[PDB]
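Residue numbers (the deposited numbering), protein chains in the order written: chain A, 2 to 95, 95A to 95B, 96 to 211; chain B, 1 to 52, 52A, 53 to 82, 82A to 82C, 83 to 100, 100A to 100C, 101 to 125, 135 to 184, 192 to 212.
Just so you know, even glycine gets a beta-carbon here, dropped at the ideal spot from N, CA and C.
Single-structure report; data block below.
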Ligand SMILES: C[C@@H]1O[C@@H](O)[C@H](O)[C@H](O)[C@H]1O
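This is how it looks when you write it as structure tokens:
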């Protein structure tokens, strides 16, 4: 009815052991199943009946549990194992299936502060009648990073969206962009546009700004 | 040996209908209950509906009751999902899944997924604006529907390039940035749904 998975994210290096857990709100009559899912691909059955490996699933994958506690274990991580894992439950009746919210297994790596850049809206876009201010955080690790927009010292809330790349195939870092949207009219009403970034690799927040 | 192939997805406006198909092969279709499971953008897996092996009993997630109808045709080994009165919130990738042979409370085989996009937005090509160790890029803004592809210098520049995942803006149109950290730099943008190609040299 409710499957709670933990942790939400697991940062490991290839060769280490991964332990994911899933907890049901009530004793499940049927042992859980586990799935692996890579971005933009169908889920793949790994374990069913709490401990049985599905077809073609290698030995390093194992599971156990009973009652309300189930766990998935990957004895030694291989590069292809970094993905998202879901636990799943289903009764005979009602027949609906329930899914955990997923655990993301990510590649650990040394700390790397982001290189920050700010881009003012292009004159070309301003003709268009819109303004997009872009803040880029390049090649950082770990994932958690906080971006804060300020226009003439006023904290911007609800008018920005951000996007993050997948862990880089080569250096395992992330890159993120935050886009602040403003009407051209308002853009022209202010002077200082600033992007303040807070991250582990930075001893104190970094701010990039420009003057309209 | 076992295979599930889907089709039927598409971009549609709210209130319209769509009908999904999932053709099975490699196993005795008539013996398994079949299901539809979806995954909205950036979300986890969410169960939608089930139809018993003989097609007589069905069950639906509360969010789709009265709007969607799951059915199957065993003669043709096909599973269907009739989706009426579509809403923007239905937007997601829809997968069909087969109840396990070894364990029926698990899903042993899945369709590759079919995309259901519900939006009152219309097809539109993007506008490409310049974003000017240094960094530069292209802001590929206000297009619909997904996807658009971006490459740099006709694919001759790849090192140090980051093309971010698209973002759905409040206007219903998508937007994405492609940057590169570093001689001429041109982003080659292509949005097939609108037959829109643009080579934008960033100065
Ligand atoms: C719809 C049908 O309902 C019950 O008979 C079982 O849960 C079966 O697995 C399912 O397919």
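Going along chain B in order, which residues have a C-beta closer than 8 Å to the C-beta of residue 97(A)?
47
DSSP three-state label for residue 99(A), please.
coil
Residue 146(B): which of 162(B), 137(B), 154(B) and 116(B) sits nearest, CA to CA?
116(B)
To the nearest angstrom, how far is the alpha carbon of residue 136(A) from that of residue 72(A)?
36 Å
Kindly examine ligand 2 and report whether one of its heavy atoms sits closer than 6 Å to the Cβ of residue 52(B).
For ligand 2, the structure offers nothing, since it holds only ligand 1.
Cβ pair residue 40(A), residue 80(A) closer than 7 Å
no
Would you say residue 175(B) lies against chain A (beta-carbon separation less than 7 Å)?
no
Restricting to Cα atoms, I'd like to know which of 50(B), 204(B) and 40(B) is closest to residue 83(B).
40(B)
Can you name the residues that DSSP bridges to residue 137(A)?
114(A)
By DSSP's criteria, residue 35(B) is part of a beta bridge. Which residues make up the other side?
50(B) and 93(B)
Of the residues 100C(B), 81(B) and 199(B), which one's Cα is nearest the Cα of residue 140(B)?
199(B)
If we ignore side chains and look at the alpha-carbon of each, how far apart do residue 79(B) and residue 100(B) end up?
20 Å
What residues in its chain sit with their C-beta under 6 Å from that of residue 211(A), if we drop five residues either side in the sequence?
190
Is there a Cβ of chain B sitting closer than 7 Å to that of residue 192(A), yes or no?
no
Please name the residue, chosen from 54(A), 209(A), 5(A) and 196(A), that lies closest to residue 143(A) on a Cα-to-Cα basis.
196(A)
Is residue 56(A) close to ligand 1? I mean its beta-carbon at under 6 Å from any heavy atom of the ligand.
no
When the cut-off is 7 Å and only beta carbons count, does residue 111(A) lie next to chain B?
no
Give me the Cα-Cα distance between residue 11(B) and residue 88(B), rounded to the nearest whole angstrom.
11 Å
Taking the alpha-carbon positions, what's the residue 85(A) to residue 120(B) distance?
34 Å
Kindly list, in the order they appear in chain A, the residues whose Cβ is closer than 7 Å to that of residue 107(B).
Those do not exist, as residue 107(B) stays about 11 Å from chain A at its closest Cβ, beyond 7 Å.
Residue range of the unbroken beta strand (DSSP E) whose run includes residue 1(B):
First-last for residue 1(B): undefined, no H or E at that position.
Excluding the five sequence neighbours on either side, which residues of its own chain have a C-beta within less than 7 Å of the C-beta of residue 55(A), listed in chain order?
46, 47, 48 and 49
Assuming residue 82(A) contacts residue 104(A) (C-beta within less than 8 Å), just tell me the rounded distance between them.
6 Å
Could you spell out where the alpha helix (DSSP H) holding residue 144(A) opens and where it closes?
Residue 144(A) -> no alpha helix (DSSP H), and no H or E assigned at all.
Give, in chain order, every residue of the segment 116-128 of chain A whose Cβ lies closer than 7 Å to some Cβ of chain B.
116, 118, 121, 123, 124 and 127
Would the beta-carbon of residue 33(A) fall within 7 Å of that of residue 88(A)?
yes
Report back the beta-carbon spacing between residue 191(B) and residue 165(B) to the nearest angstrom; my notes put them in contact at under 8 Å.
Gap in chain B between 184 and 192; residue 191(B) lies inside it and carries no coordinates.
Cross-chain neighbours of residue 91(A) in chain B, by beta carbon under 7 Å
100A
Cβ separation of residue 209(A) and residue 119(A), assumed to be a contact under 8 Å, to the nearest whole Å:
5 Å
Along the chain, where does the beta strand (DSSP E) that runs through residue 158(B) open and close?
Segment: none, residue 158(B) is in no beta strand (DSSP E) and carries neither H nor E.
Write down the C-beta distance between residue 192(A) and residue 171(A) rounded to the nearest angstrom, noting that I regard them as a contact closer than 8 Å.
Actually they are not in contact, since the Cβ atoms of residue 192(A) and residue 171(A) sit about 31 Å apart, beyond 8 Å.
Can you confirm whether residue 144(A), when its beta carbon is compared against all beta carbons of chain B, has any partner nearer than 7 Å?
no
Beta-carbon of residue 153(A) versus every beta-carbon of chain B: anything under 7 Å?
no
Between the C-alpha atoms of residue 204(B) and residue 151(B), what's the straight-line distance to the nearest angstrom?
12 Å
Below-7 Å beta-carbon distance, residue 101(B) vs any chain A residue:
yes
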